[PDB]
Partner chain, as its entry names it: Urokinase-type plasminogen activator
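Before any questions on binding or motion, here is one chain by itself as structure tokens, the form solved without its partner chain.
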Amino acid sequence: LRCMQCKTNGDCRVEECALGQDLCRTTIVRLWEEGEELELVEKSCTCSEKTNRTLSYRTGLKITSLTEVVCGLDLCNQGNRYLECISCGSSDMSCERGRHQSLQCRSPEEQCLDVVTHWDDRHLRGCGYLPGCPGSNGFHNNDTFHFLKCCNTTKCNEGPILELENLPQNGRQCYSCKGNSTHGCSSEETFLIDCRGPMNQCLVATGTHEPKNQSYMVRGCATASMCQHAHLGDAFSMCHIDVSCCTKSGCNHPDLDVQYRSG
């Protein structure tokens, strides 16, 4: 496959994609601040199980806009008001402190977003889009929580900030670990936890951490929607992923692993 490869300095060239890099991408950071817009664009060959997603949120007077689009054809990365949502961010701690400024979405297909991440919670609330929406998806284990919600109606993302400790136990229990089979996901590190909220599937996923080529694995609790290559790709920076989810407590046990015609 081939794609444009561009550094943020605006210099680009055609890149012959490495074996198993099967996507092209454009990553875009846009910052509007009291009159000025700044923009940084990267392009490159990427590894699949990624989707298109965008997000805009307020920090003080600034607006920050994050975007990735991906595509499959040679050089397909070449060239490139509405619903009212709540918005806030974490850098200024505005999500957490409760100062939630209002934000009109610039595009008809954007919806209200809420996205929580931690391994120091990071909270971003604003306008954006993903293929799922409206919907939500989520994963948590002993030290990890990722959550995403999209709503189709006005200021629907208003509310206290979603924290794991306020979702009641599901009744489902699943094995918990992250790392590889020797480090972080050894048997001594893999143990049962109580699932919470709508995260009522046991999950295991393996793929290749993208930044460095190492094997990665994760186990825990998930929404059914989390059991999806792109979402796991996004959340853990992974690719060429095998996922399984199952709805019997402990069915996440590493001794119950089975490859899925990856194959």
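Numbering follows the first chain given and starts at 1. Only the largest set of C-alpha atoms that superpose within 1.5 Å between the two forms is called the rigid core.
What comes next is about the form deposited with its partner chain bound, which is not displayed.
Three-residue candidate spot 66, 117 and 235; every residue lies within 4.5 angstroms of its partner chain in the entry with it bound by at least one non-hydrogen atom. Residue contact check for residue 130: one or more of its heavy atoms lie within 4.5 Å of its partner chain in the entry with it bound. Using a 4.5 Å cutoff between non-hydrogen atoms, residue 208 does not count as a contact of its partner chain in the entry with it bound. Although the partner is absent here, residue 53 is a contact residue: one of its heavy atoms lies within 4.5 angstroms of its partner chain in the entry with it bound. Interface residue remark: residue 11 is counted as part of the site for its partner chain in the entry with it bound, having a heavy atom within 4.5 Å.
Along 17-41, these residues reach a heavy atom to within 4.5 Å of its partner chain in the entry with it bound: 25, 27, 29, 31, 36, 38, 40. Residue 98 is not among the residues whose C-alpha shifts by 2 Å or more between the shown form and the other one once the rigid core is aligned; its shift stays under 2 Å. Put the two forms on the same core and the Cα of residue 133 is off by 2 Å or more between the shown form and the other one. Remark: with the core as the superposition reference, the CA shift of residue 230 between the shown form and the other one reaches 2 Å or more. Cα-Cα spacing of residue 135 to residue 229 is reduced in the entry with it bound versus the present form (difference of at least 3 Å). Compared with the form shown, the residue 30-residue 230 C-alpha separation increases in the entry with it bound, the change being 3 Å or greater.
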